[PDB]
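**Student:**
Protein chains: 2
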Amino acid sequence: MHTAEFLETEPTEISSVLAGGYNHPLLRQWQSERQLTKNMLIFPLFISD
Amino acid sequence: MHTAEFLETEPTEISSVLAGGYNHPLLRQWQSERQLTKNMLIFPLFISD
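Read top to bottom, the protein sequences are chains A and A'. A prime marks a further copy of an entry chain.
The first sequence runs 1 to 49 under the authors' numbering.
The second sequence runs 1 to 49 under the authors' numbering.
(1) For the stretch 29-41 of chain A', which residues have a CB atom closer than 7 Å to at least one CB atom of chain A, in sequence order?
(2) Flag residue 26 of chain A' as yes if its beta-carbon sits less than 8 Å from any beta-carbon of chain A, otherwise no.
(3) What residue from A/41, A/43 and A/30 has the CA that sits closest to residue 38 of chain A''s CA?
(4) Going by beta carbon distance, what residues of the same chain come within less than 6 Å of residue 23 of chain A', once the five residues before and after it are set aside?
(5) Under 8 Å, do residue 34 of chain A and residue 34 of chain A' count as touching if we go by C-beta distance?
(6) To the nearest angstrom, how far is the alpha carbon of residue 47 of chain A from that of residue 43 of chain A'?
(7) In this structure, does DSSP put residue 16 of chain A' in helix, strand or coil?
As structure tokens, this is what we get:
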């Protein structure tokens with residue numbers, strides 16, 4: 001039978017662990033360097049004669 | 001009479017001129033590296049037993 005091989009691995013290094021930062025939708029917001037607000041938006045208008 | 005003395009000065013250097021960046025309230029918003037949104041706020045609660 002081909003079976004599921006699992007290698008022997010060492011304890012988790014703290015340096016490896018990023019997951020605590022984005023496990024919840026509010027944190028995925030928190031991770032943004034800046035949020036999208038209405039006053040950031042500029043809308044083009046084409047004026048005809 | 002003491003009168004209002006005005007010194008002779010040279011033409012404006014472009015490097016001196018910052019005013020075009022914040023003459024309107026929308027620009028003073030634009031100048032922020034990031035805007036204040038509701039989801040940035042964390043409120044402390046003191047729970048009693």
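Every residue gets a Cβ at the ideal spot worked out from N, C-alpha and C, and that includes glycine.
**Tutor:** From the atom records:
(1) 29, 34, 35, 37 and 39
(2) yes
(3) A/30
(4) none
(5) yes
(6) 48 Å
(7) helix
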